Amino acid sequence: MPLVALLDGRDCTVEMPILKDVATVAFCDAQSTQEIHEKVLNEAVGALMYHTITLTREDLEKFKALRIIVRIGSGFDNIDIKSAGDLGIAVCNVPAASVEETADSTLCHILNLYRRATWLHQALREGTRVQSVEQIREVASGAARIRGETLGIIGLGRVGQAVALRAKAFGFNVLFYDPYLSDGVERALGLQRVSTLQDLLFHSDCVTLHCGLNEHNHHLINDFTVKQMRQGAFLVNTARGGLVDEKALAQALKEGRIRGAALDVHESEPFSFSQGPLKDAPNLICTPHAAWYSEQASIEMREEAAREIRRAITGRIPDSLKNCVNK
């Protein structure tokens, strides 16, 4: 039976009943390609993977039998996809399993910035006593009324759309910028669209990222673009860490140009509050790439991924695949 390897993990229990009579399944628990056994590189026909390992062209060439990579999850910036296709390797993803989880975590982050719940909780853990109204106003200082505020969405695909719909219900005015959609989706969903990133950032009280990370948007938020954002704007990122220059973000937080930021993703993951450019930044909320996570979403995407592998092996690449992203 063909070999299929789980690259950056150990647990295969969900995939096993689907793949039993179809593939031999192995895991590598690998943080990098230098940690994969020679057998896998030599023999693996398929590969399952998350976001915690990167495949450059170098890495892909080390595989001598590999015909399919399936990401367990939606983002595939961590695979050099064009090179994979040149090397005759089909790459797929799982686009839909965690859309609402991610939108809900996004809304949770937005609300946490506006209503300061996480910071107020921290404050209480720290032993701050809040006895008088005056003290409530001070400890909660910066907490703001949402109705009439403008949420700017960068990228209006699955998550951005789920986010927009939720945001309307709190009285946000929602703008988006997405240079790759054909026109009319703004009408369909009753949103306002803007042509440029700069228009979005200029008009937005809270800016939230929901685009894939691609060759053209590394450090989309940087020293230049940060300077285009409203004074005292919020920033939210549950998309990809590489869309933001943490050095510019940090300075901006220190200087108060950005009032607060909520980040589930980071340039270098795992994230620590003790290492990197963000080390000392005030007004920062962070989560460990967990916006996607629910038990149902985890199970859902694992089973769909397993099936995609099965379809690869059992049928015809790339015809038998539902979610190949480099045909």
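From 1 onward, residues are counted along the sequence shown.
The mean Cα B-factor in the deposited entry runs higher for 24 to 32 than for the other of 259 to 267 and 24 to 32. Per the PDB record, of the two stretches 98 to 106 and 242 to 250, 242 to 250 carries the greater mean B-factor over its C-alpha atoms. Across the options 115, 125, 137, 71, the residue with the most elevated CA B-factor in the record is 125. Among all modelled residues in this chain, the alpha-carbon of residue 283 has a temperature factor (C-alpha) in the middle third. For residue 317, the recorded CA temperature factor ranks within the highest third of the chain's modelled residues. When the CA B factors of the chain's modelled residues are split into thirds, the value for residue 212 lands in the middle one. The entry lists a Cα temperature factor for residue 82 that places it in the highest third of the chain's modelled residues. Remark: residue 296 belongs to the lowest third of its chain, ranked by C-alpha B-factor as recorded.
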